[PDB]
Amino acid sequence: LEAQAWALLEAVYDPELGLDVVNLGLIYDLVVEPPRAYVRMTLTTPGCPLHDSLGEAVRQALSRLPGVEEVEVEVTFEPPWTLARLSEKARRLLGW
Amino acid sequence: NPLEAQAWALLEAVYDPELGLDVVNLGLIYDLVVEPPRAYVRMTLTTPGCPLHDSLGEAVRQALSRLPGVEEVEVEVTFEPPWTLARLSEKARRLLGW
Amino acid sequence: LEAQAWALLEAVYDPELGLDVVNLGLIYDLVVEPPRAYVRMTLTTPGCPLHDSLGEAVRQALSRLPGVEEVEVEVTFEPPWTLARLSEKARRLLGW
Amino acid sequence: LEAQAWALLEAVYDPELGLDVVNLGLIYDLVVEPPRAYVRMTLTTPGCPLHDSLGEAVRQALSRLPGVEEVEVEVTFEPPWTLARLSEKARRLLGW
């Protein structure tokens with residue numbers, strides 16, 4: 001369930017950097033407890049966008065989990081994100 | 001060996017129901033100081049917010065009370081810094097498939 | 001584009017520690033989308049200096065990328081910086 | 001002399017955890033430029049102690065660098081410290 005949720009989030013890509021939210025280090029917490037799924041995440045820029053497409057795409061991915069009918073996506077800026085949260089793979093891909 | 005190492009091993013028995021891993025590998029323990037007859041630990045929870053019953057904090061208090069010469073355990077539950085999965089141990093990641 | 005930007009920033013040195021901003025861990029966010037370039041960074045000490053030379057040098061460095069006329073340099077203290085953010089190569093040069 | 005600095009501090013020990021403030025990850029910033037010596041550090045517990053020995057002790061070890069007569073020790077709680085800031089050595093010593 002938690003492994004499946006992680007694999008599903010790896011499909012959610014942040015267009016600005018061209019990497020998935022997981023390798024970008026944007027997912028802060030993930031809990032799956034049918035019929036609910038809970039994910040706490042952040043964005044690379046500290047401000048709420050007019051449309052949280054990324055949060056929406058994360059909601060859609062988790063919904064496709066077995067036994068999940070309720071998906072809660074909490075977008076927070078605590079702690080504030082920095083490039084340090086990238087995975088090594090993400091770094092190699094950005095040339096950082 | 002030292003009371004510190006023992007405390008660590010004891011806290012590894014304290015499991016967070018939600019994720020199915022111990023509080024130490026989950027990175028929920030921020031500070032641990034053992035000075036008989038006292039034991040102090042500052043920890044956090046995976047989600048921001050005080051639960052109606054802090055079962056996890058209570059289990060932590062229980063585990064530390066087993067330490068030799070410890071009769072009073074203080075468990076401070078803070079949200080600073082705010083916890084994230086990045087605090088998981090490499091081992092914790094493996095088990096979760098993350 | 002992200003890789004060239006990163007490399008260009010490695011040229012910006014911080015007088016105080018004699019190391020570049022990248023190895024010092026001062027760059028929190030980097031996004032290149034011509035004609036714009038965006039960088040969120042911090043300083044080693046809390047507080048805005050009378051003249052943010054470091055911020056200015058970052059502006060120039062990015063003001064050289066292909067198709068970039070508007071560079072935004074946001075200097076934040078969130079999260080607050082510490083020496084733990086230095087790269088392995090940085091602490092290697094500082095004997096830390 | 002950013003090594004004279006790093007060394008003198010590694011001699012300052014925290015009685016509570018029996019380790020040096022450096023390996024404990026308590027030193028956030030270090031800047032020495034005679035006659036000035038500046039260090040930003042934190043404590044393991046949240047709150048100012050009646051007597052900040054570590055702070056005092058840090059000032060003393062820094063008041064003996066090359067030509068340093070004015071040492072500044074800023075004790076902050078930002079970012080808030082946690083055991084995750086211990087060095088690998090501190091860990092393989094406190095059995096953590």
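By convention in this document, chain letters (A, B, ...) are assigned in the order of the sequence lines, proteins followed by strands, and residues within each chain are numbered from 1. Just so it is clear, the values below take in all heavy atoms, side chains as well, and ignore hydrogens, waters and symmetry mates.
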field: Exceeds 12 heavy-atom contacts within 6.0 angstrom, atom CZ of D:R36
entry: no
- prompt: Is any side-chain heavy atom of D:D29 less than 4.5 Å from a side-chain heavy atom of C:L83?
  reply: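 D:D29 reaches C:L83 side chain to side chain.
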task: Return the minimal non-hydrogen interatomic distance between C:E16 and D:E33, and the atom names on each side.
output: O-OE2, 4.3 Å
- prompt: So, C:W96 side chain and D:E2 main chain: donor-acceptor pair closer than 3.5 Å or not?
  reply: yes
- request: May I ask you to name which of D:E78, D:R40, D:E74 has the most heavy-atom pairs under 4.5 Å with chain C?
  value: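 Most heavy-atom pairs within the cutoff with chain C belong to D:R40.
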message: Quick check on C:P80 against chain D: is it the side chain, the backbone, both or neither that has a heavy atom closer than 4.5 Å?
response: both
- prompt: Rounded to the nearest 0.5 Å, how far does OH of D:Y38 lie from OG1 of C:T44?
  reply: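 OH of D:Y38 is found 8.0 Å from OG1 of C:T44.
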